[PDB]
Amino acid sequence: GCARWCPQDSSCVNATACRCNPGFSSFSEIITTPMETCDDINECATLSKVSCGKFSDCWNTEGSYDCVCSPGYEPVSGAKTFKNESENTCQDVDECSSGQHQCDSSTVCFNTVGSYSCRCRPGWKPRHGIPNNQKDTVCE
Ligand SMILES: C[As](C)(=O)[O-]
Ligand SMILES: [Ca+2]
Ligand SMILES: [Ca+2]
């Protein structure tokens, strides 16, 4: 059988009951009424569950979730999206060597984990207001 009144995001279990689809939850384990709702589980809140690993972030979605390397980090496996630690290959991006940085020609790019900084070349001095060791740094 298959109850046809099954609420959204749930699938029939028999002729008089339904079950929330994987990724959703309901108040009762078994839906026996069309008034019951199947709500999205936030996999990123349960701090209990394992992590995405280092340099990553958990992003919740309606019906699922995704792990992504944080800004300043990129996956060596080309896999922009992953599910667990084991799939984590987020390494830091070297904006200086990759020439992706945007330091004033008057400065020298210095790479850091997750970011990067522009420093004053020796014998040079920072312009006014703006300080050194920064992405907006400028020297004269
Ligand atoms: C993509 As949907 C509205 O079936 O959760
Ligand atoms: Ca979710
Ligand atoms: Ca970096």
Side-chain angles (χ1 to χ4, degrees):
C2 195
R4 24 219 134 199
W5 46 261
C6 288
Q8 184 206 327
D9 288 317
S10 95
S11 287
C12 79
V13 135
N14 58 39
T16 44
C18 320
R19 236 187 162 82
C20 279
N21 285 338
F24 301 90
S25 95
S26 56
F27 193 81
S28 350
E29 140 163 36
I30 304 296
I31 298 186
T32 65
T33 231
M35 299 85 79
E36 284 159 280
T37 63
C38 275
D39 304 286
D40 156 77
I41 288 169
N42 185 343
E43 291 94 346
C44 303
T46 323
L47 280 327
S48 307
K49 142 246 199 240
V50 120
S51 225
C52 292
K54 50 175 188 20
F55 313 151
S56 82
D57 296 282
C58 190
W59 281 84
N60 185 50
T61 61
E62 277 263 279
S64 210
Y65 80 89
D66 287 289
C67 293
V68 287
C69 305
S70 324
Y73 307 85
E74 254 151 40
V76 168
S77 57
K80 51 178 262 128
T81 273
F82 60 97
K83 287 320 217 271
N84 63 250
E85 254 195 336
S86 82
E87 310 165 328
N88 187 330
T89 71
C90 304
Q91 230 58 264
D92 154 82
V93 154
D94 190 321
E95 293 87 348
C96 311
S97 316
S98 70
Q100 276 169 56
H101 69 84
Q102 298 167 347
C103 295
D104 184 64
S105 3
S106 84
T107 85
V108 66
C109 182
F110 183 88
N111 182 55
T112 76
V113 219
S115 208
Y116 78 82
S117 58
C118 313
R119 276 157 192 215
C120 280
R121 8 243 287 308
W124 280 68
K125 279 90 238 193
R127 246 205 84 57
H128 186 245
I130 27 230
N132 195 26
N133 218 39
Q134 256 209 203
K135 298 213 210 170
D136 53 24
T137 302
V138 178
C139 324
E140 8 165 36

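Quick note: residue numbers are just sequence positions, from 1. Indexing begins at 1, ligand by ligand and atom by atom, following the structure's order. Values reported hereafter were calculated over all heavy atoms of this structure, with side chains retained and with hydrogens, waters and symmetry mates removed.
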Between the main-chain N or O of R119 and the side-chain N or O of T137, is there a donor-acceptor pair closer than 3.5 Å?
no

Count of protein N, O or S atoms below 3.0 Å from the Ca ion (ligand 3) equals 6

Does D92 reach the side chain of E74, with side-chain heavy atoms less than 4.5 Å apart?
no

Tell me, which protein residue and heavy-atom name are nearest atom 2 (As) of ligand 1, and how many Å apart are they?
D9 OD1, 4.6 Å

Near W59 CH2, under 6.0 Å, is it more than 12 heavy atoms from other residues, nucleotides or ligands?
no

Suppose the cut-off is 3.0 Å; which protein N/O/S atoms would you list for the Ca ion (ligand 2)?
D40 OD1, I41 O, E43 OE1, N60 OD1, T61 O, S64 O

Taking less than 2.5 Å as the test, are the sulfur gamma atoms of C109 and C96 close enough?
yes

If you define the side chain from C-beta out and look only at heavy atoms, does anything of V108 sit under 4.5 Å from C103?
no

If you define the side chain from C-beta out and look only at heavy atoms, does anything of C58 sit under 4.5 Å from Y65?
yes

Around atom 3 (C) of ligand 1, find the nearest protein heavy atom and jot down its residue, atom name and distance.
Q8 NE2, 4.3 Å

Do the non-hydrogen side-chain atoms of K80 and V68 ever get within less than 4.5 Å of each other?
no

Flag the pair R19 / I30 as yes when at least one side-chain heavy-atom distance between them is below 4.5 Å, and no otherwise.
yes

Side-chain touch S115/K135, heavy atoms, less than 4.5 angstrom:
yes

Within a strict 4.5 Å, meaning less than it, do heavy atoms of the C90 and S70 side chains meet?
no

